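One structure is given here, and the rest of the page talks about it.
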Amino acid sequence: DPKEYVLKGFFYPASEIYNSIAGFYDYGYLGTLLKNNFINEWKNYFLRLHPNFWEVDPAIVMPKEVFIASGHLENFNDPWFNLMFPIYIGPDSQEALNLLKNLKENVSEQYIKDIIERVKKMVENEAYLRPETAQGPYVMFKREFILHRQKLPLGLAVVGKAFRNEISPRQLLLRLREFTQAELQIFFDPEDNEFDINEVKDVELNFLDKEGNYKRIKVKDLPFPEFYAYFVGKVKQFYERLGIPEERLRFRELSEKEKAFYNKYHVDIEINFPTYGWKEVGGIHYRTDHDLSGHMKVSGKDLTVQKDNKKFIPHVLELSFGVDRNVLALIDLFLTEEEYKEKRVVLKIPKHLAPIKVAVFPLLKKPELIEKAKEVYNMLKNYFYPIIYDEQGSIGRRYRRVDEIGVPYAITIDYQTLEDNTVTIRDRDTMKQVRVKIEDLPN
Amino acid sequence: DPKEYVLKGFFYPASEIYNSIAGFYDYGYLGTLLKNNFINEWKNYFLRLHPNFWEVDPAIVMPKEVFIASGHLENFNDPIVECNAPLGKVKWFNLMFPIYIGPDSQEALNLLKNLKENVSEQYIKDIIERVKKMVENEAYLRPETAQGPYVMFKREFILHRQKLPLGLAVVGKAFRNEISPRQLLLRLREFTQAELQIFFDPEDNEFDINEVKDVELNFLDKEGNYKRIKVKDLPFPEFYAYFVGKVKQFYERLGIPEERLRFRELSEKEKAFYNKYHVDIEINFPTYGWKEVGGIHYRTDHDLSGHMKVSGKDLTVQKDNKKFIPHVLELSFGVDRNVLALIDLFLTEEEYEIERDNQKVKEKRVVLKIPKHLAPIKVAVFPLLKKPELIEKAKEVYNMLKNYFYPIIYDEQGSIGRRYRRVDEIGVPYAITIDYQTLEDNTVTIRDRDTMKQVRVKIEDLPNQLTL
């Protein structure tokens, strides 16, 4: 039951106090911290895969010709409604719409002329909210490739907003109209062994091939070229280190009819959500030279790279991740109702991802303890942020409160703390408490 | 000339290979790192000012009723007028971008895009008809982040145990249909703001003025008196002066030179109506002159009052069995404008003297003297020559160092002086060179960006190099 649970600080219907529009959510104080924890783990893992991988931050709004080249204007449709959001740059749209509402059949041709001319300028001045972040790196490749001394591979990563006018948003963060993607675009020469399969050859993964065979398999045995299998391996290890239960992680190779047309290879990263079942949270797409070729064609700019008296269009390997979907997976996978004297809700999120990592509690709302806890709180601030302080209510009620939102360690000041300067550390999972010298709290 | 410098990795006209739209930029590899360094500094400073201050991430798109309450739909206007022909009347143009949710847009706009002078009378009844349904389902791209915390206050207030003060901070995108975008990152249609909304009881006094009472700042009042004063001398009550003082200290730690920072009080005519106190943070750009990079606004209880009225939801707080609407103090920052200040303030044409050939010679260089702790790339690693032994040793150094600094520039192209010049220009504090002596005694040389001095250091001892 994530729906009511996420209201405890993770995310809420956007502009909750008005009639919220479906497919938009505001992240609360815990949702914001958890998503940034994922984003920073993601950035540090994927950017560090190679010395020439870099984050860029392209603008959300892009010109019409971008999506001529990318094919979104022609093909990005649902039964035909195109899902891209136009944005009308300039004042013509406002003037046009204002004319439209007071319009009547008994007007002069001038009123009609004014409408047609305004719309003529509005369509001319029409851009789009990007429906995916990948287009950013593609249009930035030409300049960035020079700046990094014309080296391949070149990786351009984006962690940013995208927009889709989904007819029927559903299932909280799975199907949104506004969302965050994290995508690494790898521009590379398909004729040299840039990436060493020996780094991941023995990585093991749950693989559902396109014929429906579900198997445990080593990266070296995957039915793909080494450069592609290498990154299936790296992506797997990212999720291993995120702490995803091995049973609930698999990689699904899409068939020729299910995959996007320009993905020569399309493998979805899928997580078995306790509430929704298996759902993709990202994908690994080999797109040959389709992307830069289309942009070279439409833009008129030379997007080729020179090697050995030869010029060619770099190939693209895309590693794409729905950030909001991964965040929902961290909630759904670790939200546990346990019984042992009644039943407690506990968020068993891996410690290194927990939105709030420590809570400090005076055993009782007496100033002799309150003074000691505030001191403890003030020293721990230099080792962790943010930190919860709470002195109100029962100590068991406060323990239950922080377990509900996944805090790994609760620290309690007691009377013995006043004597020997030792506090108790309560482990969120085991619920065991061990006494520790205040000066040994960093360990 | 700054227009050409920033193309060395900071930011580029958006979708540069196409016909770029004015007022939109893509941040390149250095611009992204620099902007994230500012954002991370900002967050760590302002979120830690008080224990109940939290970052939130509201959606960019908001229902139209948000901007009925806030007044943006009615008041958020640019004056527009329409060679050597006479000029028409000056009109207001609203800067908010609508976003048309649902398929009603495409149906209606297909009639608009295909409207002709020969269309039928039934064609007209349907274009009025579809246009109406479109407008009913229209939302807006927010023009500021502030409305996010205001509509989230009700729930978050409860979740943090009904404590005032409550601080909600947003670092995110906002959009404005600006007529004439200009001056790079200063006048944008798509931009990032960092804004902290402080909900508080003004009768209460939860901010100790003694923390900042003697902090000195350049103050330009609404009368025009420019004076350098202590925070306690400010013509505002303590709670307001406290945060003027905290904001000044943030820029002090950022490394803004004292002479290039001032706080200007806006007059009754120039300020926004519901800003009881409105003080702009202004930076003296070498290229652009004095420019606002942020603002400190006391808005009393206007924001929650208006949202409670329009939405109907109870945004009050019970204080001693009396209901009251919390007041808002807003600290607002244009992230793009601050990043541009970090380039423009520090990009230097330097002339100096240095010892070469057993004598002093005169030289000149372009160096970005950005404060070391904000530099987009802190360290560069250079093999002296493109020889396998040096390259291998250099890569070894690069792999050890990336546990202590990230990212790191590695570069083996061109002469060593060429490469020193390249990282001087993009502000890298330290360049590390692996030479033939490195192969002999395992020492490298560290070149300091500011002084250009070289010190040999054992690779073992390298991680002790100071960022300040």
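Keep in mind that the numbers below use all heavy atoms, side chains included, and drop hydrogens, waters and symmetry copies. Chain letters run A, B, ... following the sequence lines, proteins first and then strands; every chain starts at 1.
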Tell me, for B:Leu47 versus chain A, whether the close heavy atoms (under 4.5 Å) come from the side chain, the backbone, both or neither. both
From A:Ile87 CD1 over to B:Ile99 CD1, what is the distance, rounded to the nearest 0.5 angstrom? 8.0 Å
Residue B:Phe11 versus chain A: region with a heavy atom under 4.5 Å: neither
How long is the span from the CD1 atom in B:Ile101 to the CD atom in A:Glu166, to the nearest 0.5 Å? 11.5 Å
What part of A:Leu97 is in contact with chain B, defined as an atom under 4.5 angstrom from a non-hydrogen atom: side chain, backbone, both or neither? side chain
Part of B:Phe93 within contact of chain A (heavy atom distance under 4.5 Å): both
Rounded to the nearest 0.5 Å, what separates atom NZ in A:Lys8 from atom CD1 in B:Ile158? 13.0 Å
Rounded to the nearest 0.5 Å, how far apart are CD of A:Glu105 and CD of B:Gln122? 9.5 Å
With a 4.5 angstrom heavy-atom cut-off, which part of A:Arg118 approaches chain B: side chain, backbone, both or neither? neither
What part of A:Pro386 lies closer than 4.5 angstrom to a heavy atom of chain B: side chain, backbone, both or neither? side chain
Assign the ring pair A:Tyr88 / B:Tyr100 to parallel, tilted or perpendicular, where the plane angle (0 to 90°) is split at 30° and 60°. tilted
Residue B:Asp411 versus chain A: region with a heavy atom under 4.5 Å: side chain
Could you check which of B:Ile80, B:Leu112, B:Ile124 has the highest count of heavy-atom pairs closer than 4.5 Å to chain A? B:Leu112
Structural part of B:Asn44 lying under 4.5 Å from a heavy atom of chain A: neither
Name the region of B:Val131, side chain, backbone, both or neither, that has any atom closer than 4.5 Å to a heavy atom of chain A. side chain
Only counting residues at least two apart or in another chain, list the ones meeting side chain to side chain donor-acceptor pair (under 3.5 Å) with B:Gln413. A:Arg149
Salt bridge present between A:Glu16 and B:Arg155 (N-O < 4.0 angstrom): yes
Portion of B:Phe153 that has a non-hydrogen atom of chain A nearer than 4.5 angstrom: neither
Partner set under side chain to side chain donor-acceptor pair (under 3.5 Å) for B:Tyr27, not counting sequence neighbours: B:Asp336
Inter-residue atom distance A:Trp54.CH2 - B:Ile377.CD1, 0.5 Å rounding: 4.0 Å
Region of A:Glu65 in contact with chain B, defined by heavy-atom distances below 4.5 Å: both
A:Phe81, part contacting chain B, at a heavy-atom distance under 4.5 Å: both
Do you know the tightest heavy-atom contact between B:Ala139 and A:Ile21? CB-CD1, 3.6 Å
Turns out that what part of A:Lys120 lies under 4.5 Å from chain B's heavy atoms comes down to neither
Less than 4.5 Å to any heavy atom of chain B: does that hold for the side chain of A:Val123, its backbone, both, or neither? side chain
Do you know the tightest heavy-atom contact between A:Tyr18 and B:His307? OH-ND1, 2.7 Å
Report which part of B:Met308 has an atom under 4.5 Å of a heavy atom belonging to chain A: side chain, backbone, both, or neither. neither
Is it the side chain or the backbone of B:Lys91 that comes within 4.5 Å of chain A heavy atoms, both, or neither? neither
By a 4.5 Å heavy-atom criterion (distance strictly below it), what part of B:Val310 contacts chain A: side chain, backbone, both, or neither? both
Of all the heavy-atom pairs spanning A:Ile60 and B:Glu190, show the shortest one and how long it is. N-OE2, 2.6 Å
Side chain, backbone, both or neither: which part of A:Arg401 has an atom under 4.5 Å from a heavy atom of chain B? side chain
Return the minimal non-hydrogen interatomic distance between B:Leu115 and A:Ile115, and the atom names on each side. CD2-CG2, 3.8 Å
Neighbour count >12 (heavy atoms, 6.0 Å) for atom NZ, B:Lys125: yes
Over all atoms of both residues, closest heavy-atom pair of B:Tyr29 and A:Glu144: N-OE2, 2.9 Å
Tell me, for B:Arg189 versus chain A, whether the close heavy atoms (under 4.5 Å) come from the side chain, the backbone, both or neither. side chain
